[PDB]
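Here the structure comes first, spelled out in structure tokens, and everything after it is commentary.
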Amino acid sequence: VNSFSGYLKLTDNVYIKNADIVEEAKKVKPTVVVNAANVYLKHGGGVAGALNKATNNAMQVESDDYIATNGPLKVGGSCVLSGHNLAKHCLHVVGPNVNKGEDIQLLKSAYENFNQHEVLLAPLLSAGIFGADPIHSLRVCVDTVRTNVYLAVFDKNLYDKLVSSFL
Ligand SMILES: CC(=O)Nc1ccc(C(=O)O)cc1
Numbered sequence: 003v004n005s006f007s008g009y010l011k012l013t014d015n016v017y018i019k020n021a022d023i024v025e026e027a028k029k030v031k032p033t034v035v036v037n038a039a040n041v042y043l044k045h046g047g048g049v050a051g052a053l054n055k056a057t058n059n060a061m062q063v064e065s066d067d068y069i070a071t072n073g074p075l076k077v078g079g080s081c082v083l084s085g086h087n088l089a090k091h092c093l094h095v096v097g098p099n100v101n102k103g104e105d106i107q108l109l110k111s112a113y114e115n116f117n118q119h120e121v122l123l124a125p126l127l128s129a130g131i132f133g134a135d136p137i138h139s140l141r142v143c144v145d146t147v148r149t150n151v152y153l154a155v156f157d158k159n160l161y162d163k164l165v166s167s168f169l
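Positions 3 to 169 (the deposited numbering) are the ones given, in order, by the sequence shown.
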């Protein structure tokens, strides 16, 4: 038993809810919140801008030190940093950005990072301003992630379409 409430069960291990990933993290304080990162960990908009704003920019300060030391992530890759006031840890995962021409086949590699963590609160990778089809992103999630993932879909209209079209 865990602290997640109000989720619809899609599979043995995947759950979904219409919720803002920021408000959900603040309420649950999960072990792991996933950020929809880019390779530079420049948290400007969407999940990353919203998560970073909720940390009063501490996520960005930590991220800049990480990049100064390690260089950029790979598309499909991840790093574990602090969760600040939102979670124990933040798993920053880079899905391909369709609006930059990145290979959508890298979405499966991106979701494979989630398997290193027993439970996660996450957004749909490569959705929203990353330009991928969210229905596709949910299918890859279900077919790739084997650990317990609690998906927060911000858009109510999209949430209803994801549920009603789910195979
Ligand atoms: C404030 C705010 O922008 N929140 C969010 C939450 C989730 C997403 C997303 O999943 O794309 C985008 C934006």
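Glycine included, each C-beta is placed from N, C-alpha and C at the ideal position.
- Going by DSSP, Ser128 is part of no beta strand (DSSP E) at all; its letter is neither H nor E.
- The beta carbon of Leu164 lies closer than 7 angstroms to those of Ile18, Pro136, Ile137, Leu140, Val155 in the same chain, with the five residues before and after it left out.
- Annotation for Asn54: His45, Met61, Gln62 place their beta carbon closer than 6 angstroms to its own, counting only its chain and skipping 5 residues before and after.
- Between the alpha carbons of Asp162 and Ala129 lies a distance of about 15 angstroms.
- In chain order, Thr146 place their CB closer than 7 angstroms to the CB of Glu114, counting only its own chain and leaving out the 5 sequence neighbours on each side.
- Here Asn4 is not near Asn99, since their CB atoms are 8 angstroms or more apart.
- Looking from the CA of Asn117, the closest CA among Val16, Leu169, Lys28 belongs to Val16.
- Secondary structure note for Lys19: its beta strand (DSSP E) is the uninterrupted segment 16-20.
- Set against 7 angstroms, the gap from the CB of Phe156 to the closest heavy atom of ligand 1 is smaller.
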